[PDB]
>>> print(open('work-v1.cif').read())   # mmCIF, C-alpha atoms and all ligand atoms
data_start
loop_
_atom_site.label_atom_id
_atom_site.label_comp_id
_atom_site.auth_asym_id
_atom_site.auth_seq_id
_atom_site.Cartn_x
_atom_site.Cartn_y
_atom_site.Cartn_z
CA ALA A 1 -6.62 20.23 17.40
CA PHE A 2 -8.04 16.99 16.05
CA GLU A 3 -8.34 13.93 18.27
CA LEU A 4 -8.31 10.20 17.62
CA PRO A 5 -11.94 9.17 18.15
CA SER A 6 -12.56 6.18 20.41
CA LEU A 7 -13.06 2.80 18.79
CA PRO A 8 -16.82 2.17 18.73
CA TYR A 9 -16.26 -1.31 20.25
CA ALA A 10 -13.81 -3.34 22.38
CA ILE A 11 -10.47 -4.14 20.71
CA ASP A 12 -11.46 -7.81 20.61
CA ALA A 13 -15.09 -7.25 19.62
CA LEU A 14 -14.36 -8.04 15.97
CA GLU A 15 -12.66 -11.37 16.71
CA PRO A 16 -12.06 -13.63 14.97
CA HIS A 17 -12.77 -11.65 11.79
CA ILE A 18 -10.38 -8.82 12.62
CA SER A 19 -7.99 -9.44 15.52
CA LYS A 20 -7.21 -7.41 18.61
CA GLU A 21 -3.63 -6.97 17.44
CA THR A 22 -4.76 -5.60 14.08
CA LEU A 23 -7.06 -3.15 15.86
CA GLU A 24 -4.36 -1.91 18.22
CA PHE A 25 -1.99 -1.30 15.33
CA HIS A 26 -4.48 -0.05 12.74
CA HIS A 27 -6.48 2.21 15.07
CA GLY A 28 -3.91 2.77 17.82
CA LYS A 29 -0.91 3.53 15.58
CA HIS A 30 -1.90 4.12 11.95
CA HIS A 31 -5.05 6.14 12.59
CA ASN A 32 -3.39 8.04 15.43
CA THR A 33 -0.37 8.92 13.29
CA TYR A 34 -2.56 10.69 10.73
CA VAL A 35 -4.11 12.66 13.57
CA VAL A 36 -0.74 13.76 14.92
CA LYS A 37 0.61 14.60 11.46
CA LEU A 38 -2.38 16.76 10.52
CA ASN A 39 -2.23 18.70 13.78
CA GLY A 40 1.44 19.33 13.10
CA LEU A 41 0.78 20.63 9.60
CA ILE A 42 -2.16 23.01 10.06
CA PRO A 43 -1.03 25.69 12.53
CA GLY A 44 0.16 28.54 10.32
CA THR A 45 -2.11 27.97 7.33
CA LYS A 46 -5.75 28.66 6.53
CA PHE A 47 -6.72 25.25 7.93
CA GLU A 48 -6.27 25.39 11.73
CA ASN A 49 -9.68 27.07 11.94
CA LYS A 50 -11.55 24.59 9.74
CA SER A 51 -13.34 21.27 10.27
CA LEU A 52 -11.83 17.99 9.10
CA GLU A 53 -14.41 17.83 6.32
CA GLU A 54 -13.76 21.40 5.16
CA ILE A 55 -10.05 20.58 5.10
CA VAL A 56 -10.28 17.39 3.03
CA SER A 57 -12.41 19.25 0.47
CA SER A 58 -10.01 22.19 0.13
CA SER A 59 -6.51 20.75 0.49
CA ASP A 60 -3.85 18.72 -1.28
CA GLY A 61 -0.36 17.41 -0.61
CA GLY A 62 0.33 16.29 2.94
CA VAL A 63 -2.55 18.21 4.48
CA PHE A 64 -5.01 16.22 2.35
CA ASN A 65 -3.34 12.82 2.75
CA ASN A 66 -3.43 13.02 6.54
CA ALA A 67 -6.84 14.72 6.87
CA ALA A 68 -8.57 12.39 4.41
CA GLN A 69 -7.00 9.32 6.02
CA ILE A 70 -8.36 10.51 9.36
CA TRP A 71 -11.82 10.80 7.85
CA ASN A 72 -11.52 7.52 5.95
CA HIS A 73 -10.47 5.51 9.00
CA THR A 74 -13.20 6.93 11.23
CA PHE A 75 -15.73 5.99 8.53
CA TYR A 76 -14.09 2.54 8.32
CA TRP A 77 -14.43 1.70 12.04
CA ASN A 78 -18.12 2.72 11.82
CA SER A 79 -18.61 0.40 8.84
CA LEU A 80 -17.73 -2.54 11.08
CA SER A 81 -19.58 -3.94 14.09
CA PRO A 82 -19.58 -6.93 16.45
CA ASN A 83 -23.32 -6.92 15.72
CA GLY A 84 -23.10 -6.59 11.94
CA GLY A 85 -22.49 -9.07 9.15
CA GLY A 86 -25.00 -11.28 7.37
CA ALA A 87 -27.79 -10.05 5.10
CA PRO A 88 -28.48 -6.34 4.61
CA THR A 89 -31.73 -4.84 5.94
CA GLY A 90 -34.00 -1.82 5.69
CA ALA A 91 -33.48 0.83 3.03
CA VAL A 92 -30.02 -0.39 1.98
CA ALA A 93 -31.16 -3.99 1.43
CA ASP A 94 -33.85 -2.86 -1.01
CA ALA A 95 -31.50 -0.33 -2.61
CA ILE A 96 -29.00 -3.13 -3.14
CA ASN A 97 -31.68 -5.27 -4.79
CA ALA A 98 -32.72 -2.32 -6.97
CA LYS A 99 -29.22 -1.79 -8.35
CA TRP A 100 -27.74 -5.30 -8.54
CA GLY A 101 -30.85 -7.49 -8.51
CA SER A 102 -29.65 -9.39 -5.43
CA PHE A 103 -27.39 -9.09 -2.39
CA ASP A 104 -25.20 -11.90 -3.77
CA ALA A 105 -24.65 -10.13 -7.08
CA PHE A 106 -23.73 -6.96 -5.16
CA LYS A 107 -21.34 -8.94 -2.98
CA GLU A 108 -19.51 -10.45 -5.93
CA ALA A 109 -19.37 -7.04 -7.59
CA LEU A 110 -17.79 -5.37 -4.54
CA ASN A 111 -15.40 -8.26 -3.90
CA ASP A 112 -14.26 -8.02 -7.52
CA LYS A 113 -13.66 -4.28 -7.20
CA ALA A 114 -11.79 -4.69 -3.91
CA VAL A 115 -9.55 -7.64 -4.78
CA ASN A 116 -8.48 -5.77 -7.91
CA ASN A 117 -7.96 -2.38 -6.22
CA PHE A 118 -4.21 -2.09 -6.89
CA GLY A 119 -1.88 -0.88 -4.15
CA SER A 120 -3.02 1.07 -1.10
CA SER A 121 -6.71 1.88 -1.57
CA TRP A 122 -10.34 1.90 -0.49
CA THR A 123 -13.45 0.32 -1.98
CA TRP A 124 -16.71 2.17 -1.30
CA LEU A 125 -20.44 1.68 -1.36
CA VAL A 126 -21.84 5.12 -2.26
CA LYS A 127 -25.22 6.63 -3.04
CA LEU A 128 -25.24 8.66 -6.26
CA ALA A 129 -27.10 11.89 -7.00
CA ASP A 130 -29.73 9.89 -8.87
CA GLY A 131 -30.45 8.04 -5.63
CA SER A 132 -28.95 4.71 -6.67
CA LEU A 133 -26.16 2.74 -5.00
CA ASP A 134 -22.82 2.03 -6.62
CA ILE A 135 -19.31 0.77 -5.92
CA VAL A 136 -16.25 2.97 -6.41
CA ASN A 137 -12.57 2.53 -5.62
CA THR A 138 -10.15 5.23 -4.51
CA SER A 139 -6.35 5.22 -4.31
CA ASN A 140 -4.23 6.09 -1.27
CA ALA A 141 -6.08 8.84 0.64
CA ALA A 142 -8.68 9.78 -1.99
CA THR A 143 -12.29 9.58 -0.87
CA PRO A 144 -15.79 10.01 -2.34
CA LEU A 145 -16.29 12.65 0.37
CA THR A 146 -14.86 15.11 -2.16
CA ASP A 147 -17.22 14.06 -4.97
CA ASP A 148 -20.16 16.45 -5.22
CA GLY A 149 -23.54 14.74 -5.09
CA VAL A 150 -21.90 11.48 -3.95
CA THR A 151 -22.75 10.15 -0.49
CA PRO A 152 -20.40 7.64 1.18
CA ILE A 153 -22.33 4.87 2.90
CA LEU A 154 -19.81 2.13 3.70
CA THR A 155 -16.08 1.51 3.14
CA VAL A 156 -13.43 -1.20 3.29
CA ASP A 157 -9.76 -0.30 3.90
CA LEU A 158 -7.62 -2.24 1.44
CA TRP A 159 -4.26 -0.88 2.55
CA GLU A 160 -2.25 -3.98 3.49
CA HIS A 161 -1.94 -2.88 7.13
CA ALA A 162 -5.69 -3.42 7.45
CA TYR A 163 -5.39 -7.18 6.96
CA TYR A 164 -1.79 -8.40 6.72
CA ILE A 165 -1.49 -9.55 10.34
CA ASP A 166 -4.63 -11.71 10.12
CA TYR A 167 -4.72 -12.68 6.45
CA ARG A 168 -1.29 -11.93 4.99
CA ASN A 169 -1.65 -11.68 1.19
CA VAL A 170 -5.13 -13.18 0.94
CA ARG A 171 -7.59 -10.32 0.40
CA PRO A 172 -10.44 -12.76 -0.30
CA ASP A 173 -10.19 -14.12 3.24
CA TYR A 174 -10.05 -10.59 4.62
CA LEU A 175 -13.20 -9.78 2.64
CA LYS A 176 -15.01 -12.79 4.10
CA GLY A 177 -14.18 -11.27 7.47
CA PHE A 178 -15.51 -7.91 6.29
CA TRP A 179 -18.84 -9.43 5.28
CA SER A 180 -19.11 -10.97 8.75
CA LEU A 181 -18.77 -7.53 10.33
CA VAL A 182 -20.48 -5.17 7.89
CA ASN A 183 -22.49 -2.55 9.79
CA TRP A 184 -25.85 -2.30 8.01
CA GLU A 185 -27.16 0.12 10.64
CA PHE A 186 -24.42 2.62 9.74
CA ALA A 187 -25.10 2.01 6.06
CA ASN A 188 -28.81 2.79 6.50
CA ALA A 189 -28.10 5.84 8.66
CA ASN A 190 -25.88 7.15 5.87
CA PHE A 191 -28.42 6.10 3.23
CA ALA A 192 -31.41 7.89 4.76
CA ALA B 1 6.05 -17.81 -20.32
CA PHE B 2 7.77 -15.83 -17.57
CA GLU B 3 9.03 -17.50 -14.43
CA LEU B 4 9.63 -16.64 -10.80
CA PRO B 5 13.39 -16.12 -10.43
CA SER B 6 15.06 -18.09 -7.66
CA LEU B 7 16.01 -16.07 -4.59
CA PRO B 8 19.71 -15.12 -4.79
CA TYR B 9 20.22 -16.42 -1.22
CA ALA B 10 18.94 -18.91 1.37
CA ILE B 11 15.47 -18.13 2.73
CA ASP B 12 16.90 -17.38 6.16
CA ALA B 13 20.04 -15.63 4.92
CA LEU B 14 18.66 -12.14 5.58
CA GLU B 15 17.88 -12.81 9.25
CA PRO B 16 17.40 -11.05 11.54
CA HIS B 17 16.94 -8.00 9.28
CA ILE B 18 14.23 -9.56 7.08
CA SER B 19 12.59 -12.76 8.31
CA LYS B 20 12.37 -16.12 6.61
CA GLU B 21 8.61 -15.69 6.86
CA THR B 22 8.68 -12.35 5.06
CA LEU B 23 10.71 -13.89 2.23
CA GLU B 24 8.36 -16.87 2.06
CA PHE B 25 5.41 -14.54 1.61
CA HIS B 26 7.04 -11.67 -0.25
CA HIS B 27 8.91 -13.76 -2.82
CA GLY B 28 6.98 -17.03 -2.72
CA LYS B 29 3.50 -15.45 -2.76
CA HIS B 30 3.48 -11.76 -3.81
CA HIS B 31 6.26 -11.91 -6.43
CA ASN B 32 4.98 -15.24 -7.72
CA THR B 33 1.46 -13.88 -8.11
CA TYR B 34 2.75 -11.08 -10.32
CA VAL B 35 4.31 -13.71 -12.58
CA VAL B 36 1.17 -15.85 -12.87
CA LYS B 37 -1.04 -12.80 -13.47
CA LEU B 38 1.18 -11.59 -16.31
CA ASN B 39 1.36 -15.10 -17.79
CA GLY B 40 -2.42 -15.06 -17.69
CA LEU B 41 -2.58 -11.72 -19.47
CA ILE B 42 -0.11 -12.10 -22.36
CA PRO B 43 -1.22 -15.20 -24.26
CA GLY B 44 -2.48 -14.37 -27.74
CA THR B 45 -1.41 -10.75 -27.34
CA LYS B 46 1.27 -8.36 -28.59
CA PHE B 47 3.22 -9.10 -25.40
CA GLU B 48 3.67 -12.86 -25.66
CA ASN B 49 6.94 -12.77 -27.58
CA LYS B 50 8.39 -9.78 -25.72
CA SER B 51 11.04 -9.77 -23.00
CA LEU B 52 10.01 -8.54 -19.54
CA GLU B 53 11.77 -5.20 -19.97
CA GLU B 54 10.13 -4.66 -23.35
CA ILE B 55 6.69 -5.20 -21.85
CA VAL B 56 7.13 -2.71 -18.99
CA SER B 57 8.27 -0.13 -21.56
CA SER B 58 5.24 -0.63 -23.81
CA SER B 59 2.28 -1.40 -21.56
CA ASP B 60 -0.19 0.17 -19.16
CA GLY B 61 -3.14 -1.05 -17.13
CA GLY B 62 -2.90 -4.55 -15.74
CA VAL B 63 -0.10 -5.72 -18.00
CA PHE B 64 2.16 -2.90 -16.81
CA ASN B 65 1.35 -3.28 -13.11
CA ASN B 66 2.21 -6.97 -13.15
CA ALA B 67 5.25 -6.84 -15.44
CA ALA B 68 6.85 -3.84 -13.73
CA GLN B 69 6.17 -5.42 -10.34
CA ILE B 70 7.98 -8.58 -11.44
CA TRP B 71 10.93 -6.46 -12.52
CA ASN B 72 10.94 -4.25 -9.41
CA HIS B 73 10.90 -7.24 -7.06
CA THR B 74 13.70 -9.01 -8.91
CA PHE B 75 15.72 -5.79 -8.70
CA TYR B 76 14.83 -5.57 -4.99
CA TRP B 77 16.01 -9.11 -4.08
CA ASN B 78 19.32 -8.24 -5.78
CA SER B 79 19.54 -5.00 -3.76
CA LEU B 80 19.81 -7.14 -0.62
CA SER B 81 22.49 -9.64 0.45
CA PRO B 82 23.48 -11.70 3.52
CA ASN B 83 26.91 -10.21 2.99
CA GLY B 84 25.90 -6.63 2.28
CA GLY B 85 25.26 -3.72 4.62
CA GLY B 86 27.79 -1.37 6.18
CA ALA B 87 29.81 1.36 4.48
CA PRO B 88 29.51 1.68 0.69
CA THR B 89 32.53 0.76 -1.42
CA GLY B 90 34.08 1.37 -4.81
CA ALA B 91 32.59 3.70 -7.43
CA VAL B 92 29.22 4.04 -5.70
CA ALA B 93 30.78 5.05 -2.37
CA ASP B 94 32.65 7.88 -4.09
CA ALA B 95 29.65 8.88 -6.23
CA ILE B 96 27.60 9.04 -3.03
CA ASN B 97 30.18 11.39 -1.50
CA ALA B 98 30.10 13.54 -4.65
CA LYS B 99 26.36 14.18 -4.42
CA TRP B 100 25.59 14.29 -0.70
CA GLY B 101 29.03 15.09 0.70
CA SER B 102 28.92 12.05 2.98
CA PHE B 103 27.43 8.58 3.24
CA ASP B 104 25.56 9.60 6.40
CA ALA B 105 23.96 12.57 4.64
CA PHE B 106 22.92 10.25 1.82
CA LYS B 107 21.44 7.78 4.30
CA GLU B 108 19.36 10.49 5.96
CA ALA B 109 18.20 11.79 2.57
CA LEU B 110 17.06 8.34 1.39
CA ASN B 111 15.45 7.56 4.75
CA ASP B 112 13.50 10.80 4.53
CA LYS B 113 12.32 10.01 0.99
CA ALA B 114 11.35 6.46 1.98
CA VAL B 115 9.46 7.23 5.20
CA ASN B 116 7.44 9.94 3.47
CA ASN B 117 6.78 7.87 0.33
CA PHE B 118 2.99 7.80 0.78
CA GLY B 119 1.10 4.56 0.14
CA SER B 120 2.44 1.57 -1.78
CA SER B 121 5.73 2.71 -3.27
CA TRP B 122 9.42 2.32 -4.02
CA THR B 123 12.39 4.55 -3.20
CA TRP B 124 15.27 4.32 -5.68
CA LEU B 125 18.94 5.22 -5.85
CA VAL B 126 19.49 6.06 -9.51
CA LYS B 127 22.25 7.29 -11.77
CA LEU B 128 21.41 10.24 -13.98
CA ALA B 129 22.64 10.88 -17.53
CA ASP B 130 25.29 13.25 -16.16
CA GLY B 131 26.82 10.45 -14.12
CA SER B 132 25.54 11.78 -10.77
CA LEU B 133 23.45 9.83 -8.26
CA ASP B 134 20.04 10.81 -6.97
CA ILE B 135 17.07 9.49 -5.02
CA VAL B 136 13.59 9.19 -6.54
CA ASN B 137 10.27 7.75 -5.39
CA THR B 138 7.67 5.96 -7.51
CA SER B 139 4.14 4.86 -6.57
CA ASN B 140 2.57 1.41 -6.87
CA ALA B 141 4.27 -0.27 -9.85
CA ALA B 142 6.02 2.74 -11.46
CA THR B 143 9.77 2.32 -11.97
CA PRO B 144 12.81 4.39 -13.08
CA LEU B 145 13.43 1.63 -15.64
CA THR B 146 11.21 3.52 -18.09
CA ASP B 147 12.92 6.89 -17.64
CA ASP B 148 15.45 7.80 -20.34
CA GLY B 149 18.88 8.68 -19.02
CA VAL B 150 17.98 7.11 -15.68
CA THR B 151 19.80 3.96 -14.56
CA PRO B 152 18.42 2.23 -11.45
CA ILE B 153 21.14 1.06 -9.09
CA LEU B 154 19.36 0.12 -5.84
CA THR B 155 15.75 -0.01 -4.57
CA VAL B 156 13.79 -0.55 -1.36
CA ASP B 157 10.23 -1.95 -1.49
CA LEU B 158 7.94 0.26 0.64
CA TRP B 159 4.70 -1.64 0.03
CA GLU B 160 3.59 -2.63 3.54
CA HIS B 161 3.90 -6.36 2.77
CA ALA B 162 7.65 -5.89 2.49
CA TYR B 163 8.03 -5.15 6.20
CA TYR B 164 4.75 -5.47 8.08
CA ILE B 165 5.47 -8.95 9.40
CA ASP B 166 8.85 -7.97 10.86
CA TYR B 167 8.37 -4.28 11.62
CA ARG B 168 4.63 -3.61 11.61
CA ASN B 169 4.04 0.14 11.10
CA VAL B 170 7.60 1.32 11.83
CA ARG B 171 9.29 2.12 8.50
CA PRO B 172 12.40 3.53 10.27
CA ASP B 173 13.14 0.11 11.81
CA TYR B 174 12.64 -1.56 8.45
CA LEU B 175 15.07 0.95 6.99
CA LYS B 176 17.69 0.10 9.61
CA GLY B 177 17.19 -3.47 8.43
CA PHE B 178 17.73 -2.36 4.84
CA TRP B 179 21.03 -0.65 5.68
CA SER B 180 22.26 -3.85 7.31
CA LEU B 181 21.53 -5.68 4.05
CA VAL B 182 22.23 -3.20 1.22
CA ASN B 183 24.09 -5.01 -1.58
CA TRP B 184 26.89 -2.62 -2.59
CA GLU B 185 28.27 -5.19 -5.07
CA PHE B 186 25.00 -5.10 -7.01
CA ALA B 187 25.06 -1.30 -6.74
CA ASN B 188 28.55 -0.96 -8.22
CA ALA B 189 27.64 -3.50 -10.91
CA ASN B 190 24.65 -1.39 -11.98
CA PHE B 191 26.68 1.81 -11.65
CA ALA B 192 29.55 0.65 -13.88
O1 LIG A 201 3.14 14.42 3.21
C1 LIG A 201 4.39 14.29 2.52
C2 LIG A 201 4.14 14.21 1.03
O2 LIG A 201 3.34 13.06 0.72
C3 LIG A 201 3.15 12.92 -0.70
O3 LIG A 201 4.43 12.83 -1.34
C4 LIG A 201 5.17 11.71 -0.82
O4 LIG A 201 4.58 10.48 -1.24
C5 LIG A 201 4.50 10.41 -2.68
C6 LIG A 201 3.83 9.10 -3.07
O5 LIG A 201 2.51 9.05 -2.52
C7 LIG A 201 5.90 10.46 -3.28
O6 LIG A 201 5.79 10.46 -4.71
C8 LIG A 201 6.60 11.73 -2.83
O7 LIG A 201 7.95 11.74 -3.32
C9 LIG A 201 6.61 11.78 -1.32
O8 LIG A 201 7.22 13.00 -0.87
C10 LIG A 201 2.41 14.13 -1.23
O9 LIG A 201 2.21 14.01 -2.65
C11 LIG A 201 3.22 15.38 -0.94
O10 LIG A 201 2.51 16.54 -1.41
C12 LIG A 201 3.44 15.47 0.56
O11 LIG A 201 4.24 16.62 0.86
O1 LIG A 202 -4.93 -4.94 -13.47
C1 LIG A 202 -6.26 -4.58 -13.10
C2 LIG A 202 -6.39 -3.06 -13.08
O2 LIG A 202 -5.50 -2.52 -12.09
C3 LIG A 202 -5.64 -1.09 -12.01
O3 LIG A 202 -7.01 -0.75 -11.76
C4 LIG A 202 -7.43 -1.29 -10.50
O4 LIG A 202 -6.70 -0.66 -9.43
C5 LIG A 202 -6.86 0.77 -9.48
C6 LIG A 202 -6.02 1.41 -8.39
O5 LIG A 202 -4.64 1.08 -8.57
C7 LIG A 202 -8.32 1.13 -9.27
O6 LIG A 202 -8.47 2.55 -9.36
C8 LIG A 202 -9.17 0.46 -10.34
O7 LIG A 202 -10.55 0.72 -10.06
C9 LIG A 202 -8.91 -1.03 -10.31
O8 LIG A 202 -9.65 -1.67 -11.38
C10 LIG A 202 -5.22 -0.48 -13.33
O9 LIG A 202 -5.32 0.95 -13.26
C11 LIG A 202 -6.16 -0.99 -14.41
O10 LIG A 202 -5.81 -0.44 -15.68
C12 LIG A 202 -6.05 -2.51 -14.45
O11 LIG A 202 -6.96 -3.04 -15.42
FE FE A 203 -5.98 1.88 7.15
FE FE A 204 6.85 -6.08 -2.69
#
>>> encode(input="work-v1.cif", output="C-alpha cells", more="lines below")
Ligand SMILES: OC[C@H]1O[C@H](O[C@H]2O[C@H](CO)[C@@H](O)[C@H](O)[C@H]2O)[C@H](O)[C@@H](O)[C@@H]1O
Ligand SMILES: OC[C@H]1O[C@H](O[C@H]2O[C@H](CO)[C@@H](O)[C@H](O)[C@H]2O)[C@H](O)[C@@H](O)[C@@H]1O
Ligand SMILES: [Fe+3]
Ligand SMILES: [Fe+3]
Amino acid sequence: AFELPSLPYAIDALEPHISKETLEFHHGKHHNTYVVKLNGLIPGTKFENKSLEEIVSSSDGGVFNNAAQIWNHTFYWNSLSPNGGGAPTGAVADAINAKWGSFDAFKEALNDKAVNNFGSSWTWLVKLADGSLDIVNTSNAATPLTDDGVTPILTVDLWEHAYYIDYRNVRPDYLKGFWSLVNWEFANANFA
Amino acid sequence: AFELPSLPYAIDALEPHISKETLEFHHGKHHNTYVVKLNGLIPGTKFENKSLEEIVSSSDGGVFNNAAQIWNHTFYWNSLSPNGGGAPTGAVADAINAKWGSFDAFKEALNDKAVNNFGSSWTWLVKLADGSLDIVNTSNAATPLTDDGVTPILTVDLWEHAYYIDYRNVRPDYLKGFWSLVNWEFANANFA
C-alpha cells in the first residue's frame, strides 16, 4: 500500500512564503487523501502489484487521478525548500540561459504560463528529448511524467488549495512566494 | 461593455453557511475579474455587439472561459438565498420525487456527483427535453447552457475558491451549507 511521504522540511520552514496552515492542509489532508483513495481503488485490479510510476503511466479514470496527484504532490514538495529561492545555479542556470537568454526572461515566461493556467492545474519546467528546457502546463492530474522523452525537473501546484489560504485569488503573489522557495538543487538533480 | 451584476442579497445574508468574506472575494474579486477579462477581449471583435448568452454559445478559448464563467456565477448567486434551504416546494419538489423517488435520495445523488467532481467544476440540476430532472457535472467553465434540450435550474460552484475560506478541504460541509441556502424559488422559476 502507498504511504504519504514525510514533508522534507518543518511545517513552518517555508514561512512566510507558504504558511504552516497551508502545509498542514495541503500535505496533511489533500496529499493524504489521494494516498488513501488510491489504496482503496487498487486491490482487485492489475495495479496493486505495481509502482506508483507504473500506475500513472498505465491508468485512467479515478486510478490515474489519485495516483498522478500523489506523484505530482511529492514532486511539488521537493521543488520547494527553506534553502531555495533566488538565482538558479549549476547545470540548470546555464540551461535556463541557453533556452531563454536570461533567468529573468525565463521567470516572466513561467509566470505568464502559470497565471494563465485555467482552473486546477500545474505548470512545469521540463527537459525535452533534445536536451533543452521548456515550460508546459497540465490540467487537473495530468503530468509530464507520462510524456515519453520528457523529464520533469520542477513544478508549481496551481490548484487553488495550494495558495488560497495565504494569497486568496492573487496567483502573482503566490508565485513571488514560489520564487523565494524554488529548490535549484532538486532541479539540478533532475536535470543531470 | 458587460458589468458585474449586483449580489441579489446583503453580503452577510448567507451567514453562517457562506461567509461575508467568501462573498467579498468570490463575487467582488473572482466574478468581477471574469467581467473585466471579457471586456478586455471583445473590443473590435465579433463579440462586442453580442449578448452574454450569445457569446458563450459561439466562442471557445479565452472568450468562452470568461463569458461562461460570468454566466455560471450569476446563475450560482441566484441559486442561493438567505431565505432558501429546507424542503423543496412546488413543481421542482414533485419533479424531484418523480426522478429520485424522494428528496433525500436526490440530495445523496447530487452530493455524490459534487464531491467526486474532480478539479475545478460545477454540479448542475437540469431539466431535460422530456421534462424530467437530472444531475450533470461540467469542468472548469463548461455549462449546460450550451446543451440543446437542457435547461439549467440550479448549480453549485465546486471551484475551491467557492468554499476554501469557510470549509477548507471538506466539500461535504460546504454541501451542507448549500442545502441550507438552496433557492427553491429560483429553481421553480427556471423549471416553469
Ligand atoms: O474518481 C472519480 C471519477 O473522477 C473523474 O470523474 C469525476 O470528475 C469529473 C471532472 O473531473 C466529472 O466530469 C465526473 O462526472 C466525475 O465523476 C474521472 O473522470 C472518473 O473516471 C472517475 O471515476
Ligand atoms: O484564456 C487564456 C487561455 O485559457 C486556456 O488556456 C490556458 O489554460 C489551459 C488550462 O485550462 C492551459 O492548458 C493552457 O496552457 C493555458 O494557456 C484556454 O484553453 C485557451 O484557449 C485560452 O487562450
Ligand atoms: Fe495540490
Ligand atoms: Fe466560482
>>> interface_residues(input="work-v1.cif", of="chain A", to="chain B", cutoff="7 Å", atoms="only C-alpha atoms", output="NGL selection string")
:A and (119-120 or 140 or 160-161)
>>> residues_around(input="work-v1.cif", residues="residue B:80", least_positions_apart="3", cutoff="7 Å", atoms="only C-alpha atoms", output="number ranges by chain")
B: 76-77, 84, 181-183
>>> write_last_selection(input="work-v1.cif", atoms="C-alpha atoms", output="PDB file, in the coordinates of the input")
ATOM      1  CA  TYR B  76      14.830  -5.570  -4.990  1.00  0.00           C
ATOM      2  CA  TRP B  77      16.010  -9.110  -4.080  1.00  0.00           C
ATOM      3  CA  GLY B  84      25.900  -6.630   2.280  1.00  0.00           C
ATOM      4  CA  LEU B 181      21.530  -5.680   4.050  1.00  0.00           C
ATOM      5  CA  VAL B 182      22.230  -3.200   1.220  1.00  0.00           C
ATOM      6  CA  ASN B 183      24.090  -5.010  -1.580  1.00  0.00           C
TER       7      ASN B 183
END
>>> residues_around(input="work-v1.cif", residues="stretch 99-112 of chain B", least_positions_apart="3", cutoff="12 Å", atoms="only C-alpha atoms", output="ChimeraX atom specification")
/B:86-89,92-96,115-118,122-128,130-137,154-156,158,171-179,182
>>> closest_residue(input="work-v1.cif", among="B:138, B:66, B:74, B:83", to="ligand LIG 202 (chain A)", atoms="only C-alpha atoms and all ligand atoms")
B:66
>>> closest_residue(input="work-v1.cif", among="B:41, B:70, B:162, B:192", to="ligand FE 204 (chain A)", atoms="all atoms listed in the file")
B:162
>>> closest_residue(input="work-v1.cif", among="A:113, A:8, A:157, A:152", to="ligand LIG 202 (chain A)", atoms="all atoms listed in the file")
A:113
>>> atom_distance(input="work-v1.cif", atom1="atom CA of residue A:129", atom2="atom CA of residue A:149")
4.9 Å
>>> residues_around(input="work-v1.cif", residues="residue A:43", least_positions_apart="6", cutoff="12 Å", atoms="all atoms listed in the file", output="number ranges by chain")
A: 1-2, 37, 49-50, 63
>>> write_last_selection(input="work-v1.cif", atoms="C-alpha atoms", output="CSV table (one decimal), in the coordinates of the input")
chain,number,residue,atom,x,y,z
A,1,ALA,CA,-6.6,20.2,17.4
A,2,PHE,CA,-8.0,17.0,16.0
A,37,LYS,CA,0.6,14.6,11.5
A,49,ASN,CA,-9.7,27.1,11.9
A,50,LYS,CA,-11.6,24.6,9.7
A,63,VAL,CA,-2.6,18.2,4.5
>>> atom_distance(input="work-v1.cif", atom1="atom CA of residue B:15", atom2="atom CA of residue B:114")
21.6 Å
>>> closest_residue(input="work-v1.cif", among="B:190, B:51, B:143, B:58", to="ligand LIG 201 (chain A)", atoms="only C-alpha atoms and all ligand atoms")
B:143
>>> atom_distance(input="work-v1.cif", atom1="atom CA of residue B:11", atom2="atom CA of residue B:36")
21.3 Å
>>> axis_aligned_box(input="work-v1.cif", around="ligand LIG 202 (chain A)", padding_each_side="6 Å", output="AutoDock Vina command-line options")
--center_x -7.6 --center_y -1.2 --center_z -12.0 --size_x 17.9 --size_y 19.5 --size_z 19.3
>>> closest_residue(input="work-v1.cif", among="B:91, B:142, B:150, B:187", to="ligand LIG 201 (chain A)", atoms="only C-alpha atoms and all ligand atoms")
B:142
>>> closest_residue(input="work-v1.cif", among="B:67, B:55, B:13, B:4", to="ligand LIG 202 (chain A)", atoms="all atoms listed in the file")
B:67
